[PDB]
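Structure 1 and structure 2 below are two forms of the same protein chain, each written out on its own as structure tokens.
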Structure 1
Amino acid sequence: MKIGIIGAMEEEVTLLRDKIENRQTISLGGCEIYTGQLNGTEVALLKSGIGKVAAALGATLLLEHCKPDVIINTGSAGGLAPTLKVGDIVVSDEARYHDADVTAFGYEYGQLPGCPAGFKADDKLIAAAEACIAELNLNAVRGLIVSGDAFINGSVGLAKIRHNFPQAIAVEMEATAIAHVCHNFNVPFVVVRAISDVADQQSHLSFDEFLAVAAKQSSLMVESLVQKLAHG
């Protein structure tokens, strides 16, 4: 089994990269992919770019070149549900674009032609992620994550998303693009995002302080999840 890992947090990628044995570096289309073994398990590691196209570009290169059996995609996101707390770990049951709209042609809002309206994470990968997260004393919340190229941090944009996706609990800029690529390659995936801030709530930590803690926690979670998916 080969596990593909795509992470948004720079420090998490560095920490994981330094743990890879027999490490090789592939440079393509402006991206760097690290391959080798993480505690004996074959892995392919990439830092995702910002925005849908950049994430899709990298995910496509990783899938085509390395052909992993599953993908673990990590990062951070803004929380949309009031009950979320900074530091919660949202685990995707599905991912949808909040800025795709061809409803004029009969498609569901957020859905693009040729794709499911929502891209579904793999049941087994979800279960494994939740077990690893809980084992690390973190709080997993399963739910819908929406992605778009417009950064959300205002009342208007926030209102639009809640109107279009009442069940969305987290928002960021790359998850759905990565899920979409995985879907086109028929590769099972799971998306995980540490919540950095919660809508309508003043955050105590600065993004930098959040990242210093979340990136380390996330790298350990990934290392545990890689092991779990390899040897149960």
Structure 2
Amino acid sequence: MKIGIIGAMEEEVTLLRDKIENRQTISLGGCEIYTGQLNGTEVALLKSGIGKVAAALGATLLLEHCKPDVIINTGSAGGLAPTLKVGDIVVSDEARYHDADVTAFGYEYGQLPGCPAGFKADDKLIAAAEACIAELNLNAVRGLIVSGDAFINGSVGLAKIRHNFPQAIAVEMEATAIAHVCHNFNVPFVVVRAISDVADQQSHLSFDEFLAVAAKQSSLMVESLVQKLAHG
């Protein structure tokens, strides 16, 4: 059982990278992949870079080059659900592009031709993630996570996302790309991110101040999820 883990920023993968034993590093297509075991479990950790294309490139290499069984996307996110606070966890049951638009031809907003309107996360990955959340007494929300190539900082950007996806519990920039690639390779995935800001007018400041806290919380959650998938 090999578990793939994808993080966008170094800060989001560094703590996990530090724990990987029998660690080997591969530099490819401008990305870095770290293989080895995390607390006894075989993993493949990828630092992709920010945005949809970087994450897609990275996920593609990870899949074709290491062949993981499942993909877990870790990292930070802007919280949209009213119950969310910095440090809290968001688990995807689904991912959709909030910035894709081909409605001129009758596709659903957010949907790209040749893809389903939304990519569903894997049920077992979701259940495991949630049992970890319960065992660690974490505050979390499960639901629609939307991705785009823009940092949401209130104003018009936030308004468009609320209009098109009022039920989105969070927004970020790599999730759906990873889901899309996993979809094309028939690989199950799940997003498990921690909130660094609430995508409003002060989100840049909040991101500066809470990225580290978000990276650590999601990172700990990924660690527990790996262990739970590996030994029930």
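What we label the rigid core is the largest C-alpha set whose atoms superpose within 1.5 Å from one form to the other. Numbering runs along the sequence of structure 1, starting at 1.
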item: Residue 216 C-alpha moves between the two structures by 2 Å or more, core aligned; value: yes
item: Residue shift check between the two structures, rigid core fit, residue 56 Cα at least 2 Å; value: no
item: Core-aligned CA displacement of residue 70 at least 2 Å between the two structures; value: no
item: Rigid core superposed, the C-alpha shift at residue 201 between the two structures in Å; value: 8.2
item: Per-residue C-alpha deviation between the two structures [residue 80; rigid core superposition; Å]; value: 1.6
item: After superposing on the core, C-alpha shift for residue 154 between the two structures in angstrom; value: 2.4
